[PDB]
Amino acid sequence: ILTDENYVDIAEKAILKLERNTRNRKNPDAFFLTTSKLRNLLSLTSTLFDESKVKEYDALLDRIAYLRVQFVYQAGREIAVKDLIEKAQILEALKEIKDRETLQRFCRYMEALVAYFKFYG
Amino acid sequence: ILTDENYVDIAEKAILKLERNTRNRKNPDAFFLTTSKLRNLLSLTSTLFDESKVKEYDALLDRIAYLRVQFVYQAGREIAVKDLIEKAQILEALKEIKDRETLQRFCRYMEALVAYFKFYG
Amino acid sequence: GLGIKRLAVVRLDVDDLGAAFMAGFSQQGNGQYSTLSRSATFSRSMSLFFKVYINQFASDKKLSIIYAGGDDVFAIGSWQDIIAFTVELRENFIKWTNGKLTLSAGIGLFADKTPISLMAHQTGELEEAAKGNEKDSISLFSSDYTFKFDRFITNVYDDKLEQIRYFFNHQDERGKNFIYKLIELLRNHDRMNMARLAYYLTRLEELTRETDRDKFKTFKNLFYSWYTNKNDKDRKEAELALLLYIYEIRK
Amino acid sequence: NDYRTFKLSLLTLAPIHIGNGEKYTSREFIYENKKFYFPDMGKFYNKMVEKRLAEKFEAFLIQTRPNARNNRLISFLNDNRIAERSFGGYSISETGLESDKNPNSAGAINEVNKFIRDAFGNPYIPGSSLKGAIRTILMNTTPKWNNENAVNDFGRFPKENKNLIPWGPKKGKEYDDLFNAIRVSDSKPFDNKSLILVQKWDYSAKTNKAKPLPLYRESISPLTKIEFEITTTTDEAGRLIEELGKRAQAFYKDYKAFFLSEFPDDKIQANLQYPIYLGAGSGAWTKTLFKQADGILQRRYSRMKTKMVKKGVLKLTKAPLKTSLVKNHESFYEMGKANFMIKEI
Amino acid sequence: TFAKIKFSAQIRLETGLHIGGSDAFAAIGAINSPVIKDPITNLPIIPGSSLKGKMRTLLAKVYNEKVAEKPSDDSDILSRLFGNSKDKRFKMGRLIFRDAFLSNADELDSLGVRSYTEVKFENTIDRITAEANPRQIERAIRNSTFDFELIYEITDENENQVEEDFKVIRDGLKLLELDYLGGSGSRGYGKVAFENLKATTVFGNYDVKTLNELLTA
Amino acid sequence: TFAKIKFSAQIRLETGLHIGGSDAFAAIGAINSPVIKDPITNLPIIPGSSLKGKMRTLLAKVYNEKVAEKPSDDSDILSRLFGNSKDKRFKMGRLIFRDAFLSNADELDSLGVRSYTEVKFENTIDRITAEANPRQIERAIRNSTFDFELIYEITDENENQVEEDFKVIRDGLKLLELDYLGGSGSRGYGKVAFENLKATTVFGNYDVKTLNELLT
Amino acid sequence: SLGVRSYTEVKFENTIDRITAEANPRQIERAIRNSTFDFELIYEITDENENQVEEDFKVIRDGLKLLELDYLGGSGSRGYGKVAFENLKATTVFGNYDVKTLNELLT
RNA sequence: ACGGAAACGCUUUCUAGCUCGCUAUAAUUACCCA
Ligand SMILES: Nc1ncnc2c1ncn2[C@@H]1O[C@H](COP(=O)(O)OP(=O)(O)NP(=O)(O)O)[C@@H](O)[C@H]1O
Ligand SMILES: [Mg+2]
Ligand SMILES: [Mg+2]
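Residue numbers (the numbering used here), protein chains in the order written: chain D, 11 to 131; chain X, 11 to 131; chain G, 6 to 256; chain S, 599 to 943; chain R, 4 to 220; chain U, 2 to 217; chain L, 244 to 350.
Shown next, in the form of structure tokens:
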């Protein structure tokens, strides 16, 4: 679960819980997860965060249902996105949206994940 | 029938209900159904999903008529696909499409099926 | 030609001077230093300072002392030479009083061609808004920038402002757009802007050239460090420092 | 103006298939004349639902009947007297060599792969497919691009480095991008009368047979001239795309000595111009760095259909005789063995 | 004096082009690289930014003597026809490259066009292990034409800069026919023709008799 | 007597318009330059200040003898129509531009438009290094219309300059068509067309039947 | 309830030089659209002016159509106006005066 | 017989200028199942 006071801190401590490249000493402690397997997932929630400011929540429930498909699919392809969305409980944060406010909270959570992914390594 | 708040969950509990290799105890919990025969099902609707955005539904629905027969014929060849189209009520949901927002929900439901099948296995 | 075309007004007051005059000397000894001679020499000291030495402190600067005496200094002038005037005045007054007798000013910026009562009243409101910070404070330009002087002259005006000026003159890539985007992230500041600032400075760390990259890294590890400090007396200082650096380089 | 344009000419010795991803199923054609008619099956089902027989059609699609000439949607129309065949798609003439059985088996082909087509409907060769044929000739015949193009001890001997050839924006560096400087155009969209749908014929070593496969891709007929335009904006790119004549000969020389030997020479064509292996059915060794994928290519196959020992089965087909290209009997072409000649404009 | 003229053309495609779109809500097995298209008719557009930043850079390798290394280092024949950000007199730049919308939709409907954009499947063969990576990228179809507006300003700074800038604009257009408008380019995807070059004045007084002759050079 | 004239027109877009709002620090993958939008309905909007300022600078290229160094240095033909901070008599000059508020949210929703703005992804390519830098800028979609209106007042200080002013107003709208009106127009945005030009007298007594034929 | 965070929007704006062509930004705080404000306007029917009340009602009312047709605010030549009165009723408070001959002249 | 009477925080002002959604990438591999 994520609330209005702690969604940035979970995205902080979830990048730190994501395991890095222990071996392959060429700029070590790099992540197995790559940037472009993460900007694709943000590319959905960014275009929901910009539609939630205008359109009502009872018109966005076709895209909000498909975030649950895309996170599942991108985790099924590569193990690093699986290690992301199981460390950061994204599939249990997608279960709880229900209105505009928690939707925008999740869409800011997905951005805080990327900001702290960029900030570390 | 499948609607916006439940079709991803219907796909999730569909994929868990496909039977597995009860024998062949070499990496068990492996489906009879494979990734190729399921992407052959998603490739039927992947054209209609992006022809639905441009064209009207009334100038399109003969392909939606023939796509029922396509799912029938892809079911009538392998028993692991005839099993799939009855666990997930695909043939029952093809008859209840009748507009654009259910065509883009069925073609999205097949994407949900592929996503959870890739996620499990 | 660099510098915003504003004039500042400062109004000062030595905090609790009547308390420092009547009681005054009663703490050391056992009431043995509470004579009339100590208070007479104290009056001569305070009168000597506020009637002789303020003209020494206002020597080179572009200002006008509209009143000085007792314990008030009301002075109009150019804003660089008002902020420099009051930093100099207090850093000499706390040497003059060994660090006793706090004074607490209010500086306000005003554009050209504005009436003088509309100017002086808004300065005096900043002065009384700095009387009640705790007691000893300077109130730069507005009701919110209210700093203790020991938390202002060391931290804002000498530490942070010179670090900001030192970074932003030894380069050419980063400009005033970067400073404006830092002022916005400093002023709004929820917990989300800590992540957005951590993303912004890391984007710009890998956008600067490899000649000036440790120069930018020692600036972003210095700005992100006080932004996320969790004491609130280090983030508010940086906003006033960046306001002063933008006011210095205005065309 | 360093836009040095060239003019490649491509002569197909062997049948060439490219693209489209999709494929017609077993019940999506009509063979009643000596042509194959591939309709628009949407319009087929639309015009057949007037015949009130769509449920018998759905019975025909799951009908597990033997005698495959009665399964292929011809007998559905001959028995139920649908004879208009005014539907959408197109027709192609036969190879004549598809059904090996002279006992009837006519139109008993099963699953054809479509050819790449524009939205007008006419076939062409895409420039991105011809550039991948150019790029392997450039990679194998350049010894600096063959050493470390490999694992670096990461996973299951997994993949190409993709960074031996210096590619990128590369922040802080100038802009090289050698294959941005090799600009290959799509061809002129040629005609439907060049397509024959050869089958597939896998010809093995150490067991001298030619077992055929159920995979009958819609390839181009041999001896079809197809033109291409290539512009090279870097002089470094201009050198390689001029020296393709030497490099294609060198690639075919290093590939015959590696792979076409251990196969009998009667089934192997001669070049007659500069050799090139355009896609879909030329084998893996024409799409890869063949002298660097000897213990790395076959590792991917622990399945029912593994590569035999090493240097996998040859990919012949059966298209009819022209000029002569074949050099043997029984019409065994090589499925992708084309040629080119280049000249600067 | 003030004048404002207009260049009409037709961007006839030749092996049609990709100009990449935006949506992340695409699919699983369908188009992952959309073309930019008009949000109401769902017809492909050639946006004027992709015309402008191809002409601005192709002429930069011709008319800049000193290599630019940055925009607004252009050689004042490009800085005034496109606009700097940093020259005090060349902030605006007297050319308006309007967007281009697909004109001949009925001519394409006379041909056997299923849909106005084709989808092209383009896997990446891993040059070791021979494995693939399919992309399904969308491109506007081959014989599409696009109406190409181009509006030019003539103020009281054009003493003799008018006819000099038209051995520059048509120079850039005949350099667009040697390059590729974005997409892949190195994989086809870009070749255009400019048809019916027809200059006219939409505002003011200017004599385009002497201009409508070097369009047909 | 004192009169007023109202100018109904539909601002129909082509090559959809961008009028920028906040340059405030956006979210991480969000829209970078958003269009100006209404706070209540969250539709696009054209403010009257853009329509006034762009038409002011366009008519400053036609109706000025000497090149104006500043808007106070504009002509007497334009100061009476757009106001002047320095003339004693041409301060608050005779035109009230109003905003425009996306009249056909029902015509656009009859067609398959999902949102009344599109977001075009876009980039710049460096000259050396050819390294890409994307932006996402928002723009009100192509087939919008906008309810445009002016309130031209007649205060009897002109008495014959009335029909001289519509040869400036109609000329300014004709220039706004040919120029772009708003945002990145040299990359082909804006491109407004003016439809249904109709002058009505909403206060006072003035006849406009000889004026609509000037508006054609 | 219509969905908004503040009752005042911040409109960004600028000023472009005619020669240098360099902008000069601004943030102008406007009240938002369809805010509805209270309004009352006491007219005192005193003793002397009894014959001239109705010719001071065709002037109060005529001064409201003008505010609907002029801007009523600051910087209103650039939008920022267009203020329309509604439910314009005239009741009587502290008096004995019949306003059923006026409320039809208003609506 | 109200430190009160009369008084628009008002006029002017384009969120603007510049910027390629771009870079690399054969729809290909394996040959078999009953
Ligand atoms: N040298 C002096 N000796 C004695 N009294 C003095 C001297 N200089 C000023 N004063 C008087 O001391 C009083 C202090 O006034 P004021 O500053 O208002 O009070 P305060 O003690 O400072 N409390 P605060 O206003 O909160 O700082 C005034 O009446 C001054 O006239
Ligand atoms: Mg005091
Ligand atoms: Mg005092």
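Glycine included, C-beta positions come from ideal geometry on N, C-alpha and C.
Query raised in the report: Looking at the structure shown, is residue 92 of chain D part of a helix, part of a strand, or coil, going by DSSP?
Result: helix
Report task. Work out the CA separation of residue 51 of chain R and residue 830 of chain S for me, nearest whole Å. Result -> 27 Å
Query raised in the report: Skipping 5 residues on each side, what residues in its chain have a beta carbon closer than 6 Å to that of residue 911 of chain S?
Result: 800 and 802
Query - For residue 296 of chain L, the three-state DSSP class (helix, strand or coil) - result: coil
Query raised in the report: CA-CA distance, residue 52 of chain X and residue 45 of chain X?
Result: 10 Å
**Report entry** Cα-Cα separation, residue 197 of chain G to residue 59 of chain D
**Finding:** 15 Å
Report task. Below 6 Å CB to CB, which residues in the same chain sit around residue 55 of chain R once its five sequence neighbours on both sides are set aside? Result -> 100
Requested in this report: Figure out for me which residue from S/639, S/645 and S/701 has the closest Cα to the Cα of residue 80 of chain X.
Outcome: S/639
Query raised in the report: Residues of chain U with CB under 9 Å from residue 71 of chain R, in chain order?
Result: 128 and 129
Query raised in the report: The alpha helix (DSSP H) with residue 674 of chain S in it runs from where to where?
Result: 672-677
Query raised in the report: Between which two residues does the alpha helix (DSSP H) harbouring residue 52 of chain U extend?
Result: 49-60
Requested in this report: Please find out if some non-hydrogen atom of ligand 3 comes closer than 8 Å to the beta-carbon of residue 296 of chain L.
Outcome: no
Query raised in the report: Is residue 76 of chain G near ligand 3, with its Cβ less than 8 Å from a heavy atom?
Result: yes
Requested in this report: Please report the Cβ distance between residue 149 of chain U and residue 12 of chain U, rounded to the nearest whole angstrom; I am assuming they are in contact, meaning their Cβ atoms lie under 8 Å.
Outcome: 5 Å
Query raised in the report: Going along chain G, which residues have a C-beta under 7 Å from residue 125 of chain D?
Result: 200, 201, 203 and 204
**Report entry** Cβ-Cβ separation, residue 793 of chain S to residue 721 of chain S (assumed contact under 8 Å), whole Å
**Finding:** 6 Å
Query - C-alpha distance - residue 145 of chain G paired with residue 139 of chain G, whole-angstrom precision - result: 15 Å
Query raised in the report: chain U beta carbons: is any one of them nearer than 9 Å to that of residue 59 of chain D?
Result: yes
**Report entry** Rounded straight-line distance, which links the Cα of residue 17 of chain X to that of residue 71 of chain R
**Finding:** 55 Å
Query - Integer-rounded CB distance, given that residue 12 of chain D should sit under 8 Å from residue 115 of chain D - result: 6 Å
Report task. Pair every Cβ in the stretch 19-32 of chain D with every Cβ in the stretch 88-102 of chain D, then say whether three or more of these pairs are closer than 8 Å. Result -> yes
Requested in this report: Could you give the DSSP three-state label for residue 155 of chain U: helix, strand or coil?
Outcome: strand
Query raised in the report: How long is the line joining the alpha carbons of residue 819 of chain S and residue 37 of chain U, rounded to whole angstroms?
Result: 59 Å
Report task. Quickly, what does DSSP pair residue 83 of chain G with across the bridge? List them, please. Result -> G/12
Query raised in the report: Which runs of the alpha helix (DSSP H) fall wholly inside the stretch 671-735 of chain S and span at least 4 residues, in chain order?
Result: 672-677
Requested in this report: Take residue 83 of chain X as the anchor and find which of S/653, S/665, S/680 and S/677 has the nearest alpha-carbon.
Outcome: S/653
Query - residue 19 of chain G CB to nearest heavy atom of ligand 2 below 8 Å - result: yes
Report task. Measure how close the beta-carbons of residue 67 of chain R and residue 75 of chain R come, nearest whole angstrom, since I'm counting them as under 8 Å. Result -> That belief does not hold up - the Cβ atoms of residue 67 of chain R and residue 75 of chain R are roughly 12 Å apart, past 8 Å.
Query raised in the report: What residue range is occupied by the uninterrupted beta strand (DSSP E) comprising residue 833 of chain S?
Result: Element bounds for residue 833 of chain S: not the beta strand (DSSP E) but the alpha helix (DSSP H), 833-840.
Query raised in the report: Any idea what DSSP makes of residue 911 of chain S, helix, strand or coil?
Result: coil
Query raised in the report: Cβ of residue 258 of chain G within 9 Å of Cβ of residue 255 of chain G?
Result: Lying before the first or after the last residue shown, residue 258 of chain G is absent from chain G, which here runs from 6 to 256.
Report task. Could you tell me whether any Cβ in chain G is nearer than 9 Å to the Cβ of residue 170 of chain U? Result -> no
Query raised in the report: What's the gap between the Cα of residue 78 of chain G and the Cα of residue 87 of chain R?
Result: 51 Å
Query raised in the report: At a CB-CB cut-off below 7 Å, which residues of chain R make contact with residue 119 of chain U?
Result: 42
Query raised in the report: How about residue 178 of chain R: is its C-beta nearer than 9 Å to some C-beta of chain U?
Result: no
Report task. Compute the Euclidean distance between the alpha carbons of residue 78 of chain X and residue 104 of chain X, then round it to the nearest angstrom. Result -> 6 Å
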